[PDB]
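Engineer: Sending over a structure as structure tokens; questions will come in a sec.
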Amino acid sequence: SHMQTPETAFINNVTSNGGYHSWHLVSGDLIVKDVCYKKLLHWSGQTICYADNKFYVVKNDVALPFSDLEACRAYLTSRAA
């Protein structure tokens with residue numbers, strides 16, 4: 001709310017262009033587990049939802065908590081060919 005996170009930092013630059021390569025720019029805001037997430041991106045099959053300081057890539061019906069920035073960057077440029 002005050003200082004954007006480093007995870008969505010490299011993504012924000014793209015979120016202002018219309019989303020990543022395959023990921024489309026969105027922001028519907030998804031709340032789950034009492035942890036209001038931010039729908040930074042969304043694509044048929046997955047959904048980019050980051051929290052206060054934790055990026056998550058929802059799947060067909062499963063979660064996937066990243067580990068580091070390098071992980072998030074490789075989740076948008078290595079999700080599909």
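By convention in this document, the chains of the structure tokens carry letters A, B, ... by their order, each chain's residues are numbered from 1, and ligands are numbered from 1 in the order they are shown.
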For segment 67-77 of chain A, work out the shell of residues within 9 Å, counting only C-alpha atoms and skipping chain neighbours fewer than 2 positions away, then give it as a compact mmCIF listing (two decimals) with C-alpha atoms, in the first residue's frame.
Structural biologist:
# COMPACT_ATOMS: atom_id res chain seq x y z
CA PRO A 6 10.20 -6.56 -5.26
CA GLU A 7 8.19 -9.48 -6.63
CA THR A 8 5.58 -7.32 -8.36
CA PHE A 10 9.58 -6.42 -12.23
CA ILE A 11 6.01 -7.36 -13.15
CA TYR A 20 3.18 -10.59 -19.46
CA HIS A 21 3.80 -12.59 -22.64
CA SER A 22 1.00 -15.12 -22.18
CA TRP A 23 -0.33 -13.55 -18.98
CA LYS A 54 4.28 -13.35 -1.14
CA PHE A 55 3.63 -14.18 -4.80
CA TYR A 56 1.28 -17.07 -5.56
CA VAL A 57 0.42 -18.77 -8.85
CA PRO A 65 4.15 -20.35 -3.28
CA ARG A 79 5.38 -20.91 -18.00
CA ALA A 80 4.80 -21.54 -21.70
CA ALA A 81 6.70 -21.62 -24.99
Engineer: Residues within 12 Å of residue 9 of chain A, please, as a ChimeraX atom specification. Count only C-alpha atoms; anything in the same chain fewer than 4 positions from it doesn't count.
Structural biologist: /A:3-5,13-16,40,50,53,55,69,72-73
Engineer: Could you pull the residues within 7 Å of residue 58 of chain A, counting only C-alpha atoms, minus those fewer than 5 positions along the same chain, as a ChimeraX atom specification?
Structural biologist: /A:46-48,63-64
Engineer: Step one, run DSSP on the backbone; step two, keep only residues of chain A assigned to helix (DSSP H, G or I); then write them as a list in words.
Structural biologist: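 After running DSSP on the backbone, chain A has helix (DSSP H, G or I) at residues 9, 10, 11, 12, 13, 14, 15, 69, 70, 71, 72 and 73 of chain A.
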